[PDB]
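Letters A, B, ... are given to chains in the order of the sequence lines, protein chains preceding strands, and every chain is numbered from 1. Every heavy atom of this structure was used, including side-chain atoms; hydrogens, water molecules and symmetry mates were not.
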Amino acid sequence: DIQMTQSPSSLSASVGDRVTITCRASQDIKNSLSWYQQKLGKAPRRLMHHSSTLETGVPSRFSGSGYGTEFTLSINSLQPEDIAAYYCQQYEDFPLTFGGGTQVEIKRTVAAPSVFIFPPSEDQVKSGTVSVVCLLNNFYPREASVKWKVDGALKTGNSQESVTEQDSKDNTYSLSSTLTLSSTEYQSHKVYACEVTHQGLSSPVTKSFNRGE
Amino acid sequence: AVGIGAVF
Amino acid sequence: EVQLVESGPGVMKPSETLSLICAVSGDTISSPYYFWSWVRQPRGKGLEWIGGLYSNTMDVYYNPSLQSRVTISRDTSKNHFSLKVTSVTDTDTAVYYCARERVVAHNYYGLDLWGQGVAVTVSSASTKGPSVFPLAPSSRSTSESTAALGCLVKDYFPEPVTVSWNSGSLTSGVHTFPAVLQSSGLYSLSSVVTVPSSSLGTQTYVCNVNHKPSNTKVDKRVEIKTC
Ligand SMILES: [Ca+2]
């Protein structure tokens, strides 16, 4: 029982900027502190131990500081290869405990999504349940408002969103909003539309279709 | 003091 | 090559016993002054240290939040480091890793290693291959517009599926979204690709879904709808 409080939970900065993550321990841990980097889908990899001693292979833009209860990891010149979660860990006492983590994003220039809607195929309709899919491709920043309108009226509770990781090439996101309905509510309505609002669009973009054509 | 920082 | 490799069934019904093995190759498990750990991570969340041991003593140390249910052990004849978790439930679903790390003060030049992780699902669901529905592109808007097409991959268990396009020969513009757990207990996702609309008449598009837990492959052609 030594709590590690890590801040912020997420951070966003441009290539070349300087970022810091801080970590404070609930009691004195001297310099028994490690920082780990975890890329998506991968095992953690330690960046440093003893508060500030880099591991082999770790670029010198990473650095740490702190002794006692407060600790900082710094990234001097944020790079695209740095998109990752970061965790502190104390090892002054068992049990070993980790900070809750920080997600790092690259801030790039605003890019509007391209927007596509996909009516369910006849075979999806035959199956009993349907999914209408709305895609937002290659956009930044991540904040985006996607609303479903059925026969002109807002539909609230049958949709789910899913978002890709930031792309390692162009630093954008893509997103799917899926509207799941039974074949019977689906056939009781005619017009299906998703309306997208984003900093990159000068007013909302609506993509729609009429069922049965 | 513990784990990777144990001393024996 | 010194490597950690984890094995063990990852799909459990509630209240079964999880059993995972971490085998070292290229080195001996008895090599001194390493700290061996089991760590776990629920999807989207942080890391939790389960427990561990020093390779030069015979003690093993446990997180108190899990100690009533877990046994961590070691078999030097087979170079195995082991995790057993009894009565698993909804909360034990996570990726489980082992780690071997130098005890820095007596070992500055040994190699810090991690397993690849094993994904553990605790669920009442049964193994089920996916149903795959094509998502057909819309009609061409301009001479040089991009079309989007995809396929929806649903009602499968456990994770993961892999989607490739044209047997993996089409990779630019492919986005495969993370899966979502439905209330039925099954998962679903979509895979999409953006292509030049000019190529819709000349080039064929097939998504290849591979669901290894059920040994299932599905290959669906995506075409424009014929009125
Ligand atoms: Ca794209």
K.L.:
Looking only at non-hydrogen atoms, find the nearest pair between C:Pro64 and A:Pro95 and report the distance.
P.N.:
CD-CG, 3.8 Å
K.L.:
Hey, could you give me the CD/CD distance between A:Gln38 and C:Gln41, rounded to the nearest 0.5 Å?
P.N.:
4.0 Å
K.L.:
Please classify the contact of C:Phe35 with chain A as side chain, backbone, both or neither, using a heavy-atom distance under 4.5 Å.
P.N.:
side chain
K.L.:
Does A:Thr164 reach the main-chain N or O of C:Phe177 with its side chain, forming a donor-acceptor pair under 3.5 Å?
P.N.:
no
K.L.:
Do you know which of C:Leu149, C:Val95, C:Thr176 has the most heavy-atom pairs under 4.5 Å to chain A?
P.N.:
C:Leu149
K.L.:
So which part of A:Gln103 gets closer than 4.5 Å to some heavy atom of chain C, the side chain, the backbone, both or neither?
P.N.:
neither
K.L.:
A:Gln160 versus chain C, heavy atoms under 4.5 Å apart: side chain, backbone, both or neither?
P.N.:
side chain
K.L.:
Got a second to check how far A:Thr178's OG1 is from C:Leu189's CG, nearest 0.5 Å?
P.N.:
9.5 Å
K.L.:
Any chance you could lay out the side chain to side chain contact (heavy atoms under 4.5 Å, CB included) test for A:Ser127 and C:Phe133, step after step, and finish with the verdict?
P.N.:
CA-CA 10 Å; A:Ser127 92; C:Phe133 302 88; 4.2 Å; yes
K.L.:
Over 60° means perpendicular and under 30° means parallel, so tell me whether A:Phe94 and C:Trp49 are parallel, tilted or perpendicular.
P.N.:
parallel
K.L.:
With a 4.5 angstrom heavy-atom cut-off, which part of A:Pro44 approaches chain C: side chain, backbone, both or neither?
P.N.:
both
K.L.:
In terms of side-chain geometry, is the basic nitrogen of C:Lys225 or A:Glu122 positioned less than 4.0 Å from the acidic oxygen of its partner?
P.N.:
no
K.L.:
Given heavy-atom pairs under 4.5 angstrom as the criterion, report whether the side chain, backbone, both or neither of C:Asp112 touches chain A.
P.N.:
side chain
K.L.:
Quick one: do C:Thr146 and A:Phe116 satisfy side chain to side chain contact (heavy atoms under 4.5 Å, CB included)? Show the steps, please.
P.N.:
CA-CA 10 Å; C:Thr146 80; A:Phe116 309 82; 4.0 Å; yes
K.L.:
Once rounded to the nearest 0.5 Å, what's the spacing between atom CD of C:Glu48 and atom CG of A:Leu96?
P.N.:
11.5 Å
K.L.:
To the nearest 0.5 angstrom, please state how far the NE2 atom of C:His175 sits from the CG atom of A:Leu135.
P.N.:
7.5 Å
K.L.:
Once rounded to the nearest 0.5 Å, what's the spacing between atom CG of A:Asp123 and atom OG of C:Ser131?
P.N.:
11.5 Å
K.L.:
Can you establish whether the number of heavy atoms outside A:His189 located under 6.0 Å from its atom NE2 is more than 12?
P.N.:
yes
K.L.:
Please classify the contact of C:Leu135 with chain A as side chain, backbone, both or neither, using a heavy-atom distance under 4.5 Å.
P.N.:
both
K.L.:
For C:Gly115 versus A:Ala43, what's the shortest heavy-atom pair and its separation?
P.N.:
O-CB, 3.7 Å
K.L.:
Heavy-atom pairs under 4.5 Å with chain A: which of C:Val104, C:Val180, C:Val192 has the most?
P.N.:
C:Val104
K.L.:
Measure C:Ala147 against the heavy atoms of chain A and call it side chain, backbone, both or neither at under 4.5 Å.
P.N.:
backbone
K.L.:
Check each atom of A:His50 against the heavy atoms of chain C and say whether the ones under 4.5 Å are side chain, backbone, both or neither.
P.N.:
neither
K.L.:
Would you name the heavy atoms of C:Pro178 and A:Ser162 that are closest together and state the gap between them?
P.N.:
O-OG, 3.0 Å
K.L.:
Give, as side chain, backbone, both or neither, the part of A:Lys42 having an atom under 4.5 angstrom from any heavy atom of chain C.
P.N.:
backbone
K.L.:
Sort C:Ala148 into side chain, backbone, both or neither according to what part of it lies under 4.5 angstrom from a heavy atom of chain A.
P.N.:
both
K.L.:
Quick check on A:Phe209 against chain C: is it the side chain, the backbone, both or neither that has a heavy atom closer than 4.5 Å?
P.N.:
neither
K.L.:
Please determine whether the number of non-hydrogen atoms from other residues, nucleotides or ligands lying under 6.0 Å from atom CD of A:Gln199 exceeds 12.
P.N.:
no
K.L.:
Tell me, for A:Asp167 versus chain C, whether the close heavy atoms (under 4.5 Å) come from the side chain, the backbone, both or neither.
P.N.:
side chain
K.L.:
For atom CG of C:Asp59, is the number of surrounding heavy atoms from other residues, nucleotides or ligands below 6.0 Å larger than 12?
P.N.:
yes
K.L.:
For A:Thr180, is it the side chain, the backbone, both or neither that has a heavy atom under 4.5 Å from a heavy atom of chain C?
P.N.:
neither
K.L.:
Please flag which part of C:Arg102 lies under 4.5 Å from any non-hydrogen atom of chain A: side chain, backbone, both or neither.
P.N.:
side chain
K.L.:
Roughly how far apart are C:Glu101 CD and A:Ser34 OG, rounded to 0.5 Å?
P.N.:
7.0 Å
